[PDB]
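Residue numbers (the numbering used here): 925 to 957. First comes the structure, then the notes that go with it.
Here's what the structure looks like:
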């Protein structure tokens with residue numbers, strides 16, 4: 925699936941990104957490890 929704590933997320937305008945629930949980090953390209 926994804927690295928530790930990362931999951932898919934989405935803006936109110938319909939734009940998709942990735943979010944870490946453990947570390948509160950956020951990024952647009954798919955996380956890797």
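The beta-carbon is built from N, C-alpha and C at its ideal position, and this holds for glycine as well.
Rounded to the nearest angstrom, what separates residue 926 and residue 939 at their Cα positions?
Stepping through the chain shown from its first residue, residue 926 is reached at position 2. Stepping through the chain shown from its first residue, residue 939 is reached at position 15. Rounded to the nearest angstrom, the two C-alpha atoms are 19 angstroms apart.
Does residue 956 come out as helix, strand or coil in the three-state DSSP assignment?
Along the chain shown, read from residue 1 onward, the residue named residue 956 stands at position 32. In this structure, residue 956 counts as coil in the three-state DSSP scheme.
From residue 936 to residue 955, what does the alpha carbon distance come to, in whole angstroms?
Position 12 of the chain shown, counted from the first residue, corresponds to residue 936. Position 31 of the chain shown, counted from the first residue, corresponds to residue 955. Their backbone Cα atoms lie some 21 angstroms apart in a straight line.
Rounded to a whole number of angstroms, what is the C-alpha to C-alpha distance between residue 899 and residue 930?
No answer is possible for residue 899: it lies beyond the span of the chain, which begins at 925 and ends at 957.
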